[PDB]
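Next up, entry_0.cif (mmCIF, C-alpha atoms; chains and numbers go by the auth columns):
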```cif
data_upload
#
loop_
_atom_site.group_PDB
_atom_site.id
_atom_site.type_symbol
_atom_site.label_atom_id
_atom_site.label_comp_id
_atom_site.label_asym_id
_atom_site.label_seq_id
_atom_site.Cartn_x
_atom_site.Cartn_y
_atom_site.Cartn_z
_atom_site.B_iso_or_equiv
_atom_site.auth_seq_id
_atom_site.auth_asym_id
ATOM 1 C CA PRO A 1 7.541 -6.087 -16.066 0.00 1 A
ATOM 2 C CA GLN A 2 9.615 -4.036 -13.695 0.00 2 A
ATOM 3 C CA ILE A 3 7.609 -1.103 -12.367 0.00 3 A
ATOM 4 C CA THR A 4 9.395 1.854 -10.836 0.00 4 A
ATOM 5 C CA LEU A 5 7.664 3.880 -8.146 0.00 5 A
ATOM 6 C CA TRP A 6 8.082 7.514 -9.209 0.00 6 A
ATOM 7 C CA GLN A 7 4.347 7.517 -10.029 0.00 7 A
ATOM 8 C CA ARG A 8 1.502 5.425 -8.655 0.00 8 A
ATOM 9 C CA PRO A 9 1.758 1.771 -9.894 0.00 9 A
ATOM 10 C CA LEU A 10 -1.573 1.669 -11.707 0.00 10 A
ATOM 11 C CA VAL A 11 -2.173 -1.240 -14.081 0.00 11 A
ATOM 12 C CA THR A 12 -4.929 -2.508 -16.288 0.00 12 A
ATOM 13 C CA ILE A 13 -7.198 -5.145 -14.785 0.00 13 A
ATOM 14 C CA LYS A 14 -10.049 -7.159 -16.280 0.00 14 A
ATOM 15 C CA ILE A 15 -12.849 -8.121 -13.881 0.00 15 A
ATOM 16 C CA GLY A 16 -16.480 -8.902 -14.581 0.00 16 A
ATOM 17 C CA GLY A 17 -15.533 -8.843 -18.341 0.00 17 A
ATOM 18 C CA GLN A 18 -14.588 -5.170 -18.126 0.00 18 A
ATOM 19 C CA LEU A 19 -11.292 -3.314 -18.330 0.00 19 A
ATOM 20 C CA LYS A 20 -10.518 -1.107 -15.358 0.00 20 A
ATOM 21 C CA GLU A 21 -7.343 0.172 -13.716 0.00 21 A
ATOM 22 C CA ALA A 22 -6.151 -0.430 -10.207 0.00 22 A
ATOM 23 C CA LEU A 23 -3.232 0.343 -7.893 0.00 23 A
ATOM 24 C CA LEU A 24 -0.761 -2.418 -7.016 0.00 24 A
ATOM 25 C CA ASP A 25 -0.714 -1.966 -3.220 0.00 25 A
ATOM 26 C CA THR A 26 1.724 -3.983 -1.143 0.00 26 A
ATOM 27 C CA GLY A 27 0.369 -2.351 1.977 0.00 27 A
ATOM 28 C CA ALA A 28 -3.107 -3.844 1.537 0.00 28 A
ATOM 29 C CA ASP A 29 -3.808 -7.361 2.822 0.00 29 A
ATOM 30 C CA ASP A 30 -6.701 -7.821 0.343 0.00 30 A
ATOM 31 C CA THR A 31 -8.151 -6.288 -2.783 0.00 31 A
ATOM 32 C CA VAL A 32 -10.789 -3.513 -2.649 0.00 32 A
ATOM 33 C CA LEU A 33 -12.605 -2.118 -5.652 0.00 33 A
ATOM 34 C CA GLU A 34 -15.081 0.716 -6.122 0.00 34 A
ATOM 35 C CA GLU A 35 -18.765 -0.120 -6.552 0.00 35 A
ATOM 36 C CA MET A 36 -19.422 -2.670 -9.284 0.00 36 A
ATOM 37 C CA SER A 37 -21.415 -5.824 -9.957 0.00 37 A
ATOM 38 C CA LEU A 38 -19.885 -9.249 -9.192 0.00 38 A
ATOM 39 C CA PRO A 39 -21.291 -12.781 -9.182 0.00 39 A
ATOM 40 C CA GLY A 40 -22.102 -14.987 -6.210 0.00 40 A
ATOM 41 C CA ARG A 41 -23.005 -14.410 -2.592 0.00 41 A
ATOM 42 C CA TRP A 42 -21.360 -11.572 -0.674 0.00 42 A
ATOM 43 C CA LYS A 43 -20.678 -11.191 3.013 0.00 43 A
ATOM 44 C CA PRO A 44 -20.516 -7.937 4.999 0.00 44 A
ATOM 45 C CA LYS A 45 -17.065 -7.025 6.289 0.00 45 A
ATOM 46 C CA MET A 46 -15.272 -4.080 7.864 0.00 46 A
ATOM 47 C CA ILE A 47 -11.727 -3.191 6.829 0.00 47 A
ATOM 48 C CA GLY A 48 -9.372 -0.662 8.335 0.00 48 A
ATOM 49 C CA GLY A 49 -7.022 1.749 6.688 0.00 49 A
ATOM 50 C CA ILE A 50 -5.033 4.735 7.682 0.00 50 A
ATOM 51 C CA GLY A 51 -8.073 6.826 8.556 0.00 51 A
ATOM 52 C CA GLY A 52 -10.423 4.266 10.141 0.00 52 A
ATOM 53 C CA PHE A 53 -12.808 1.577 8.989 0.00 53 A
ATOM 54 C CA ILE A 54 -15.143 1.195 5.977 0.00 54 A
ATOM 55 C CA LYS A 55 -17.906 -1.282 5.201 0.00 55 A
ATOM 56 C CA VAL A 56 -17.369 -3.532 2.186 0.00 56 A
ATOM 57 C CA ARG A 57 -19.043 -6.485 0.492 0.00 57 A
ATOM 58 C CA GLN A 58 -16.802 -9.566 0.316 0.00 58 A
ATOM 59 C CA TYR A 59 -17.000 -11.781 -2.784 0.00 59 A
ATOM 60 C CA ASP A 60 -15.063 -15.058 -2.881 0.00 60 A
ATOM 61 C CA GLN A 61 -13.170 -16.754 -5.684 0.00 61 A
ATOM 62 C CA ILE A 62 -13.441 -13.922 -8.160 0.00 62 A
ATOM 63 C CA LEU A 63 -11.385 -13.918 -11.338 0.00 63 A
ATOM 64 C CA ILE A 64 -9.236 -10.862 -12.064 0.00 64 A
ATOM 65 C CA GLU A 65 -6.665 -10.617 -14.870 0.00 65 A
ATOM 66 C CA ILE A 66 -3.928 -8.214 -13.768 0.00 66 A
ATOM 67 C CA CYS A 67 -1.803 -7.023 -16.690 0.00 67 A
ATOM 68 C CA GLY A 68 -2.877 -10.164 -18.440 0.00 68 A
ATOM 69 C CA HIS A 69 -2.045 -12.506 -15.514 0.00 69 A
ATOM 70 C CA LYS A 70 -4.823 -14.624 -14.000 0.00 70 A
ATOM 71 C CA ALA A 71 -5.609 -14.395 -10.304 0.00 71 A
ATOM 72 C CA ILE A 72 -8.530 -15.851 -8.392 0.00 72 A
ATOM 73 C CA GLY A 73 -9.358 -14.789 -4.874 0.00 73 A
ATOM 74 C CA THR A 74 -11.321 -12.565 -2.578 0.00 74 A
ATOM 75 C CA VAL A 75 -12.476 -9.181 -3.836 0.00 75 A
ATOM 76 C CA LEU A 76 -13.984 -6.546 -1.525 0.00 76 A
ATOM 77 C CA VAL A 77 -16.349 -3.914 -2.981 0.00 77 A
ATOM 78 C CA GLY A 78 -16.787 -0.582 -1.209 0.00 78 A
ATOM 79 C CA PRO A 79 -16.130 3.128 -0.990 0.00 79 A
ATOM 80 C CA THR A 80 -12.349 3.017 -1.464 0.00 80 A
ATOM 81 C CA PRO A 81 -10.824 6.187 -2.954 0.00 81 A
ATOM 82 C CA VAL A 82 -9.051 4.085 -5.669 0.00 82 A
ATOM 83 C CA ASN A 83 -9.214 0.500 -6.842 0.00 83 A
ATOM 84 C CA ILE A 84 -6.511 -1.446 -4.930 0.00 84 A
ATOM 85 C CA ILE A 85 -4.980 -4.825 -5.719 0.00 85 A
ATOM 86 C CA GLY A 86 -3.734 -6.182 -2.436 0.00 86 A
ATOM 87 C CA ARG A 87 -1.446 -8.998 -1.406 0.00 87 A
ATOM 88 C CA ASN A 88 -4.048 -11.719 -1.680 0.00 88 A
ATOM 89 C CA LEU A 89 -3.966 -11.262 -5.485 0.00 89 A
ATOM 90 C CA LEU A 90 -0.418 -9.925 -5.892 0.00 90 A
ATOM 91 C CA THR A 91 0.872 -13.270 -4.638 0.00 91 A
ATOM 92 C CA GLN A 92 -1.137 -15.017 -7.369 0.00 92 A
ATOM 93 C CA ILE A 93 0.813 -13.213 -10.130 0.00 93 A
ATOM 94 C CA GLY A 94 4.213 -13.640 -8.471 0.00 94 A
ATOM 95 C CA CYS A 95 4.664 -9.982 -7.659 0.00 95 A
ATOM 96 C CA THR A 96 7.748 -9.083 -5.629 0.00 96 A
ATOM 97 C CA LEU A 97 9.431 -5.979 -4.239 0.00 97 A
ATOM 98 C CA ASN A 98 13.034 -5.817 -5.449 0.00 98 A
ATOM 99 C CA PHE A 99 15.931 -3.590 -4.348 0.00 99 A
ATOM 100 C CA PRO B 1 16.270 -8.452 -1.532 0.00 1 B
ATOM 101 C CA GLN B 2 13.427 -9.916 -3.546 0.00 2 B
ATOM 102 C CA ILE B 3 10.454 -9.809 -1.182 0.00 3 B
ATOM 103 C CA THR B 4 7.349 -11.898 -1.764 0.00 4 B
ATOM 104 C CA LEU B 5 3.930 -10.864 -0.520 0.00 5 B
ATOM 105 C CA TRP B 6 2.613 -13.930 1.317 0.00 6 B
ATOM 106 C CA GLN B 7 3.000 -11.925 4.550 0.00 7 B
ATOM 107 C CA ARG B 8 3.140 -8.186 5.156 0.00 8 B
ATOM 108 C CA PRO B 9 6.453 -6.781 3.803 0.00 9 B
ATOM 109 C CA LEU B 10 7.743 -5.358 7.069 0.00 10 B
ATOM 110 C CA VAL B 11 11.395 -4.303 7.236 0.00 11 B
ATOM 111 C CA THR B 12 13.768 -2.748 9.739 0.00 12 B
ATOM 112 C CA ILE B 13 14.188 1.017 9.667 0.00 13 B
ATOM 113 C CA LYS B 14 16.607 3.144 11.627 0.00 14 B
ATOM 114 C CA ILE B 15 16.256 6.895 12.324 0.00 15 B
ATOM 115 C CA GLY B 16 18.446 8.636 14.884 0.00 16 B
ATOM 116 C CA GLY B 17 19.746 5.561 16.496 0.00 17 B
ATOM 117 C CA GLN B 18 16.117 4.304 16.997 0.00 18 B
ATOM 118 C CA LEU B 19 15.357 0.908 15.444 0.00 19 B
ATOM 119 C CA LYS B 20 11.740 0.386 14.358 0.00 20 B
ATOM 120 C CA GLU B 21 9.915 -1.645 11.735 0.00 21 B
ATOM 121 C CA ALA B 22 7.787 -0.426 8.872 0.00 22 B
ATOM 122 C CA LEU B 23 5.657 -1.678 5.971 0.00 23 B
ATOM 123 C CA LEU B 24 6.887 -1.308 2.412 0.00 24 B
ATOM 124 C CA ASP B 25 3.757 0.229 0.929 0.00 25 B
ATOM 125 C CA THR B 26 3.462 0.870 -2.779 0.00 26 B
ATOM 126 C CA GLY B 27 -0.041 2.170 -2.177 0.00 27 B
ATOM 127 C CA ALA B 28 1.219 5.175 -0.233 0.00 28 B
ATOM 128 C CA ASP B 29 2.435 8.350 -1.897 0.00 29 B
ATOM 129 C CA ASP B 30 4.140 9.359 1.369 0.00 30 B
ATOM 130 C CA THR B 31 5.978 7.827 4.347 0.00 31 B
ATOM 131 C CA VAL B 32 3.975 7.938 7.603 0.00 32 B
ATOM 132 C CA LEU B 33 5.473 7.072 10.985 0.00 33 B
ATOM 133 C CA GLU B 34 4.806 7.096 14.675 0.00 34 B
ATOM 134 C CA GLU B 35 6.337 9.818 16.836 0.00 35 B
ATOM 135 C CA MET B 36 10.108 9.627 16.616 0.00 36 B
ATOM 136 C CA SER B 37 11.181 12.842 18.308 0.00 37 B
ATOM 137 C CA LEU B 38 12.416 14.366 15.045 0.00 38 B
ATOM 138 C CA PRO B 39 14.085 17.690 15.796 0.00 39 B
ATOM 139 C CA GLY B 40 13.360 20.784 13.938 0.00 40 B
ATOM 140 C CA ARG B 41 10.511 22.495 12.242 0.00 41 B
ATOM 141 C CA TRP B 42 7.614 20.801 10.575 0.00 42 B
ATOM 142 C CA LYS B 43 4.625 21.782 8.445 0.00 43 B
ATOM 143 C CA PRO B 44 1.137 20.482 9.438 0.00 44 B
ATOM 144 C CA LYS B 45 -0.976 18.869 6.739 0.00 45 B
ATOM 145 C CA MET B 46 -3.797 16.446 6.197 0.00 46 B
ATOM 146 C CA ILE B 47 -3.482 13.052 4.514 0.00 47 B
ATOM 147 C CA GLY B 48 -5.948 10.283 4.014 0.00 48 B
ATOM 148 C CA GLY B 49 -6.655 6.839 2.831 0.00 49 B
ATOM 149 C CA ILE B 50 -9.209 4.131 3.469 0.00 50 B
ATOM 150 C CA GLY B 51 -11.407 5.171 6.321 0.00 51 B
ATOM 151 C CA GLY B 52 -10.765 8.906 6.256 0.00 52 B
ATOM 152 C CA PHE B 53 -8.174 11.534 7.024 0.00 53 B
ATOM 153 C CA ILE B 54 -5.498 12.135 9.660 0.00 54 B
ATOM 154 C CA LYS B 55 -3.473 15.143 10.716 0.00 55 B
ATOM 155 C CA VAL B 56 0.300 14.816 10.342 0.00 56 B
ATOM 156 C CA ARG B 57 3.472 16.811 10.862 0.00 57 B
ATOM 157 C CA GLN B 58 5.727 16.940 7.774 0.00 58 B
ATOM 158 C CA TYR B 59 9.468 16.726 8.401 0.00 59 B
ATOM 159 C CA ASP B 60 11.866 17.145 5.495 0.00 60 B
ATOM 160 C CA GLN B 61 15.401 15.882 4.979 0.00 61 B
ATOM 161 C CA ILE B 62 15.194 12.937 7.394 0.00 62 B
ATOM 162 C CA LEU B 63 18.027 10.416 7.277 0.00 63 B
ATOM 163 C CA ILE B 64 16.553 6.906 7.372 0.00 64 B
ATOM 164 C CA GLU B 65 18.014 3.464 6.789 0.00 65 B
ATOM 165 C CA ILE B 66 15.504 1.024 5.259 0.00 66 B
ATOM 166 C CA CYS B 67 16.569 -2.627 5.227 0.00 67 B
ATOM 167 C CA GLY B 68 20.150 -1.384 5.283 0.00 68 B
ATOM 168 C CA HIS B 69 19.754 1.098 2.462 0.00 69 B
ATOM 169 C CA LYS B 70 20.398 4.732 3.304 0.00 70 B
ATOM 170 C CA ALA B 71 17.971 7.384 2.117 0.00 71 B
ATOM 171 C CA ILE B 72 17.030 10.980 2.839 0.00 72 B
ATOM 172 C CA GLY B 73 13.513 12.268 2.389 0.00 73 B
ATOM 173 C CA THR B 74 10.302 13.528 3.886 0.00 74 B
ATOM 174 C CA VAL B 75 8.532 11.750 6.749 0.00 75 B
ATOM 175 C CA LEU B 76 5.010 12.456 7.966 0.00 76 B
ATOM 176 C CA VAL B 77 4.438 11.852 11.651 0.00 77 B
ATOM 177 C CA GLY B 78 0.891 11.121 12.804 0.00 78 B
ATOM 178 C CA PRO B 79 -1.545 8.589 14.254 0.00 79 B
ATOM 179 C CA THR B 80 -1.047 5.775 11.796 0.00 80 B
ATOM 180 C CA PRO B 81 -1.535 2.289 13.228 0.00 81 B
ATOM 181 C CA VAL B 82 1.424 0.918 11.265 0.00 82 B
ATOM 182 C CA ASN B 83 4.593 2.642 10.108 0.00 83 B
ATOM 183 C CA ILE B 84 4.475 2.928 6.325 0.00 84 B
ATOM 184 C CA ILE B 85 7.332 3.460 3.868 0.00 85 B
ATOM 185 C CA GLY B 86 5.716 5.081 0.841 0.00 86 B
ATOM 186 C CA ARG B 87 6.886 5.742 -2.673 0.00 87 B
ATOM 187 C CA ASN B 88 8.788 8.896 -1.819 0.00 88 B
ATOM 188 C CA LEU B 89 11.332 6.687 -0.005 0.00 89 B
ATOM 189 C CA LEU B 90 10.893 3.428 -1.957 0.00 90 B
ATOM 190 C CA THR B 91 12.284 5.243 -4.993 0.00 91 B
ATOM 191 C CA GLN B 92 15.326 6.361 -3.023 0.00 92 B
ATOM 192 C CA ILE B 93 16.346 2.761 -2.225 0.00 93 B
ATOM 193 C CA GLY B 94 15.761 1.585 -5.791 0.00 94 B
ATOM 194 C CA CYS B 95 12.672 -0.466 -4.997 0.00 95 B
ATOM 195 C CA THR B 96 10.556 -1.737 -7.858 0.00 96 B
ATOM 196 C CA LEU B 97 7.556 -4.002 -8.294 0.00 97 B
ATOM 197 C CA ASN B 98 8.254 -7.023 -10.459 0.00 98 B
ATOM 198 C CA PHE B 99 6.207 -9.810 -12.047 0.00 99 B
#
```

Target encoding structure tokens, full file:
Amino acid sequence: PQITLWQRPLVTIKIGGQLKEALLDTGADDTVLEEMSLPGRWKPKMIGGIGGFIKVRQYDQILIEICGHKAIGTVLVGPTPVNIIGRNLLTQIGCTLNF
Amino acid sequence: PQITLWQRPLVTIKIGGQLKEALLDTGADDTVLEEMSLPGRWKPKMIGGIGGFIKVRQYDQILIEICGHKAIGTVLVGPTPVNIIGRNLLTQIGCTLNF
């Protein structure tokens, strides 16, 4: 699709077998989701945003279907205000900014 | 252009004769810049994102050129580590997300 930007670009995602919604965020290097269960080993990481740093758990090679499109990559879990799909997964669906 | 997301989508911006660079950020409601000596009145307000909140000065009706495209809109000036072009200005240049 072509998504205009008059409202937040929220889309349906499927992760962990569950439907959620998340913000397509070209300003985020990687993907950060609110607290949830994911498979595999996690590693502690710090990530920085506009207001400072937060602690997250990093999971590797996680499957996420974004508007029906498959992506596999790193997913961070932590106290983000909103679920964010960052560039590491946007690239996997061929997302581009067009003007 | 049609900008992929393998690297941060930084573009040239021009305000008052000053050339800077800024991140095209679909995750931001607002545009947040470094100090640019914008003349005129402002309104203080708080914004936030990952990591917490920051104080900004809101300046309206700022003329900005973003990757060559002229726009007019509100700019928030505050202690952001990276200049961010948010949706309020992405809409004005006709920017969409596509996949």

With the file shown as input, list the residues that the PyMOL selection byres ((chain A) within 10 of (chain B)) selects, as an mmCIF file with C-alpha atoms, in the frame of the given file.
```cif
data_model
loop_
_atom_site.group_PDB
_atom_site.id
_atom_site.type_symbol
_atom_site.label_atom_id
_atom_site.label_comp_id
_atom_site.auth_asym_id
_atom_site.auth_seq_id
_atom_site.Cartn_x
_atom_site.Cartn_y
_atom_site.Cartn_z
ATOM 1 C CA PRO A 1 7.541 -6.087 -16.066
ATOM 2 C CA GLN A 2 9.615 -4.036 -13.695
ATOM 3 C CA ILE A 3 7.609 -1.103 -12.367
ATOM 4 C CA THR A 4 9.395 1.854 -10.836
ATOM 5 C CA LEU A 5 7.664 3.880 -8.146
ATOM 6 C CA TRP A 6 8.082 7.514 -9.209
ATOM 7 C CA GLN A 7 4.347 7.517 -10.029
ATOM 8 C CA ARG A 8 1.502 5.425 -8.655
ATOM 9 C CA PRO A 9 1.758 1.771 -9.894
ATOM 10 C CA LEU A 10 -1.573 1.669 -11.707
ATOM 11 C CA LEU A 23 -3.232 0.343 -7.893
ATOM 12 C CA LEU A 24 -0.761 -2.418 -7.016
ATOM 13 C CA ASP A 25 -0.714 -1.966 -3.220
ATOM 14 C CA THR A 26 1.724 -3.983 -1.143
ATOM 15 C CA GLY A 27 0.369 -2.351 1.977
ATOM 16 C CA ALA A 28 -3.107 -3.844 1.537
ATOM 17 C CA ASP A 29 -3.808 -7.361 2.822
ATOM 18 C CA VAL A 32 -10.789 -3.513 -2.649
ATOM 19 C CA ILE A 47 -11.727 -3.191 6.829
ATOM 20 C CA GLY A 48 -9.372 -0.662 8.335
ATOM 21 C CA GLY A 49 -7.022 1.749 6.688
ATOM 22 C CA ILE A 50 -5.033 4.735 7.682
ATOM 23 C CA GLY A 51 -8.073 6.826 8.556
ATOM 24 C CA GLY A 52 -10.423 4.266 10.141
ATOM 25 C CA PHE A 53 -12.808 1.577 8.989
ATOM 26 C CA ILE A 54 -15.143 1.195 5.977
ATOM 27 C CA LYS A 55 -17.906 -1.282 5.201
ATOM 28 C CA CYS A 67 -1.803 -7.023 -16.690
ATOM 29 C CA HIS A 69 -2.045 -12.506 -15.514
ATOM 30 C CA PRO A 79 -16.130 3.128 -0.990
ATOM 31 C CA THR A 80 -12.349 3.017 -1.464
ATOM 32 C CA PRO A 81 -10.824 6.187 -2.954
ATOM 33 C CA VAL A 82 -9.051 4.085 -5.669
ATOM 34 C CA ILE A 84 -6.511 -1.446 -4.930
ATOM 35 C CA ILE A 85 -4.980 -4.825 -5.719
ATOM 36 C CA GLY A 86 -3.734 -6.182 -2.436
ATOM 37 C CA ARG A 87 -1.446 -8.998 -1.406
ATOM 38 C CA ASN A 88 -4.048 -11.719 -1.680
ATOM 39 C CA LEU A 89 -3.966 -11.262 -5.485
ATOM 40 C CA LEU A 90 -0.418 -9.925 -5.892
ATOM 41 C CA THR A 91 0.872 -13.270 -4.638
ATOM 42 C CA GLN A 92 -1.137 -15.017 -7.369
ATOM 43 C CA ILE A 93 0.813 -13.213 -10.130
ATOM 44 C CA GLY A 94 4.213 -13.640 -8.471
ATOM 45 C CA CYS A 95 4.664 -9.982 -7.659
ATOM 46 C CA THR A 96 7.748 -9.083 -5.629
ATOM 47 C CA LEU A 97 9.431 -5.979 -4.239
ATOM 48 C CA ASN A 98 13.034 -5.817 -5.449
ATOM 49 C CA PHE A 99 15.931 -3.590 -4.348
#
```

Exercise for review: May I ask for the distance between CA of residue 83 in chain A and CA of residue 22 in chain A, given in Å to one decimal place?
Suggested key: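 Between these atoms lies a distance of 4.6 Å.
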
Chain A least-squares fitted onto chain B over all paired Cα atoms, as a PDB file with C-alpha atoms, keeping the file's coordinate frame:
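So result_9.pdb came out as:
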```
ATOM      1  CA  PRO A   1      16.433  -8.789  -1.623  1.00  0.00           C
ATOM      2  CA  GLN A   2      13.350 -10.181  -3.263  1.00  0.00           C
ATOM      3  CA  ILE A   3      10.382  -9.975  -0.910  1.00  0.00           C
ATOM      4  CA  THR A   4       7.338 -12.125  -1.534  1.00  0.00           C
ATOM      5  CA  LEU A   5       3.936 -10.897  -0.414  1.00  0.00           C
ATOM      6  CA  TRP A   6       2.382 -13.829   1.457  1.00  0.00           C
ATOM      7  CA  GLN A   7       2.909 -11.825   4.671  1.00  0.00           C
ATOM      8  CA  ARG A   8       3.161  -8.089   5.254  1.00  0.00           C
ATOM      9  CA  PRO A   9       6.489  -6.700   3.858  1.00  0.00           C
ATOM     10  CA  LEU A  10       7.847  -5.378   7.144  1.00  0.00           C
ATOM     11  CA  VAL A  11      11.528  -4.430   7.250  1.00  0.00           C
ATOM     12  CA  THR A  12      13.959  -2.981   9.713  1.00  0.00           C
ATOM     13  CA  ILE A  13      14.483   0.768   9.540  1.00  0.00           C
ATOM     14  CA  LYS A  14      16.858   3.065  11.412  1.00  0.00           C
ATOM     15  CA  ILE A  15      15.598   6.603  12.053  1.00  0.00           C
ATOM     16  CA  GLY A  16      16.547   9.061  14.762  1.00  0.00           C
ATOM     17  CA  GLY A  17      19.382   6.587  15.699  1.00  0.00           C
ATOM     18  CA  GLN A  18      16.848   3.915  16.631  1.00  0.00           C
ATOM     19  CA  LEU A  19      15.874   0.597  15.083  1.00  0.00           C
ATOM     20  CA  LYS A  20      12.202   0.243  14.250  1.00  0.00           C
ATOM     21  CA  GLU A  21      10.202  -1.757  11.717  1.00  0.00           C
ATOM     22  CA  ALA A  22       7.965  -0.461   8.995  1.00  0.00           C
ATOM     23  CA  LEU A  23       5.780  -1.670   6.125  1.00  0.00           C
ATOM     24  CA  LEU A  24       6.977  -1.205   2.541  1.00  0.00           C
ATOM     25  CA  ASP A  25       3.806   0.346   1.071  1.00  0.00           C
ATOM     26  CA  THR A  26       3.608   0.978  -2.656  1.00  0.00           C
ATOM     27  CA  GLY A  27       0.146   2.406  -2.198  1.00  0.00           C
ATOM     28  CA  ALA A  28       1.366   5.311  -0.059  1.00  0.00           C
ATOM     29  CA  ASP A  29       2.668   8.464  -1.755  1.00  0.00           C
ATOM     30  CA  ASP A  30       4.775   9.392   1.315  1.00  0.00           C
ATOM     31  CA  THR A  31       6.108   7.899   4.512  1.00  0.00           C
ATOM     32  CA  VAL A  32       4.132   8.024   7.791  1.00  0.00           C
ATOM     33  CA  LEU A  33       5.454   6.908  11.149  1.00  0.00           C
ATOM     34  CA  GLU A  34       3.901   6.601  14.595  1.00  0.00           C
ATOM     35  CA  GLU A  35       4.681   9.257  17.201  1.00  0.00           C
ATOM     36  CA  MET A  36       8.397   9.855  17.677  1.00  0.00           C
ATOM     37  CA  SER A  37      10.914  12.673  17.992  1.00  0.00           C
ATOM     38  CA  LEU A  38      12.605  14.082  14.860  1.00  0.00           C
ATOM     39  CA  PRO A  39      14.865  17.077  14.250  1.00  0.00           C
ATOM     40  CA  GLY A  40      14.031  20.348  12.529  1.00  0.00           C
ATOM     41  CA  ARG A  41      10.891  22.350  11.923  1.00  0.00           C
ATOM     42  CA  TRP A  42       7.628  20.549  11.182  1.00  0.00           C
ATOM     43  CA  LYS A  43       4.602  21.680   9.240  1.00  0.00           C
ATOM     44  CA  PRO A  44       0.980  20.622   9.802  1.00  0.00           C
ATOM     45  CA  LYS A  45      -0.507  18.489   7.037  1.00  0.00           C
ATOM     46  CA  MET A  46      -3.576  16.363   6.383  1.00  0.00           C
ATOM     47  CA  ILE A  47      -3.284  13.052   4.545  1.00  0.00           C
ATOM     48  CA  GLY A  48      -6.015  10.776   3.293  1.00  0.00           C
ATOM     49  CA  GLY A  49      -6.281   7.038   3.359  1.00  0.00           C
ATOM     50  CA  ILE A  50      -8.932   4.478   2.827  1.00  0.00           C
ATOM     51  CA  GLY A  51     -11.033   5.627   5.767  1.00  0.00           C
ATOM     52  CA  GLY A  52     -10.623   9.422   5.657  1.00  0.00           C
ATOM     53  CA  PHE A  53      -8.056  11.985   6.702  1.00  0.00           C
ATOM     54  CA  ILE A  54      -5.582  12.247   9.614  1.00  0.00           C
ATOM     55  CA  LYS A  55      -3.448  15.111  10.886  1.00  0.00           C
ATOM     56  CA  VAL A  56       0.317  14.626  10.714  1.00  0.00           C
ATOM     57  CA  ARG A  57       3.485  16.622  11.325  1.00  0.00           C
ATOM     58  CA  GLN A  58       5.683  16.912   8.221  1.00  0.00           C
ATOM     59  CA  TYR A  59       9.471  16.838   8.665  1.00  0.00           C
ATOM     60  CA  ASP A  60      11.729  17.479   5.667  1.00  0.00           C
ATOM     61  CA  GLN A  61      15.006  15.896   4.629  1.00  0.00           C
ATOM     62  CA  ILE A  62      15.029  13.194   7.260  1.00  0.00           C
ATOM     63  CA  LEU A  63      17.486  10.321   7.070  1.00  0.00           C
ATOM     64  CA  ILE A  64      16.097   6.780   7.196  1.00  0.00           C
ATOM     65  CA  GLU A  65      18.128   3.614   6.566  1.00  0.00           C
ATOM     66  CA  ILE A  66      15.794   0.969   5.137  1.00  0.00           C
ATOM     67  CA  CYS A  67      17.284  -2.524   5.348  1.00  0.00           C
ATOM     68  CA  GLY A  68      20.632  -0.830   5.435  1.00  0.00           C
ATOM     69  CA  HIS A  69      19.962   1.441   2.413  1.00  0.00           C
ATOM     70  CA  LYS A  70      20.127   5.217   2.872  1.00  0.00           C
ATOM     71  CA  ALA A  71      17.157   7.387   1.977  1.00  0.00           C
ATOM     72  CA  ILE A  72      16.585  11.058   2.687  1.00  0.00           C
ATOM     73  CA  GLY A  73      13.206  12.676   2.297  1.00  0.00           C
ATOM     74  CA  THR A  74       9.967  13.745   3.860  1.00  0.00           C
ATOM     75  CA  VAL A  75       8.685  11.879   6.900  1.00  0.00           C
ATOM     76  CA  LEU A  76       5.179  12.419   8.303  1.00  0.00           C
ATOM     77  CA  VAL A  77       4.508  11.679  11.997  1.00  0.00           C
ATOM     78  CA  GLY A  78       0.982  10.857  13.148  1.00  0.00           C
ATOM     79  CA  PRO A  79      -1.587   8.350  14.316  1.00  0.00           C
ATOM     80  CA  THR A  80      -1.062   5.751  11.577  1.00  0.00           C
ATOM     81  CA  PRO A  81      -1.961   2.172  12.567  1.00  0.00           C
ATOM     82  CA  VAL A  82       1.511   0.950  11.390  1.00  0.00           C
ATOM     83  CA  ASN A  83       4.733   2.600  10.318  1.00  0.00           C
ATOM     84  CA  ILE A  84       4.619   2.939   6.494  1.00  0.00           C
ATOM     85  CA  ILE A  85       7.458   3.564   4.058  1.00  0.00           C
ATOM     86  CA  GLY A  86       5.886   5.161   1.033  1.00  0.00           C
ATOM     87  CA  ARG A  87       6.998   5.852  -2.504  1.00  0.00           C
ATOM     88  CA  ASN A  88       8.915   9.000  -1.690  1.00  0.00           C
ATOM     89  CA  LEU A  89      11.503   6.825   0.118  1.00  0.00           C
ATOM     90  CA  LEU A  90      11.027   3.553  -1.782  1.00  0.00           C
ATOM     91  CA  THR A  91      12.290   5.308  -4.905  1.00  0.00           C
ATOM     92  CA  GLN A  92      15.449   6.303  -3.014  1.00  0.00           C
ATOM     93  CA  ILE A  93      16.413   2.639  -2.447  1.00  0.00           C
ATOM     94  CA  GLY A  94      15.519   1.509  -5.971  1.00  0.00           C
ATOM     95  CA  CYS A  95      12.530  -0.545  -4.928  1.00  0.00           C
ATOM     96  CA  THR A  96      10.482  -2.073  -7.741  1.00  0.00           C
ATOM     97  CA  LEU A  97       7.446  -4.313  -8.154  1.00  0.00           C
ATOM     98  CA  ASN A  98       8.347  -7.317 -10.307  1.00  0.00           C
ATOM     99  CA  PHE A  99       6.132  -9.961 -11.941  1.00  0.00           C
TER     100      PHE A  99
END
```

With only C-alpha atoms as the counted atoms, please give the residues lying no more than 7 Å from residue 78 in chain A, apart from itself and same-chain residues fewer than 6 positions off, as a compact mmCIF listing (two decimals) with C-alpha atoms, in the frame of the given file.
```txt
# COMPACT_ATOMS: atom_id res chain seq x y z
CA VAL A 32 -10.79 -3.51 -2.65
CA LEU A 33 -12.60 -2.12 -5.65
CA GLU A 34 -15.08 0.72 -6.12
CA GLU A 35 -18.76 -0.12 -6.55
CA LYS A 55 -17.91 -1.28 5.20
CA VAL A 56 -17.37 -3.53 2.19
CA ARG A 57 -19.04 -6.48 0.49
```
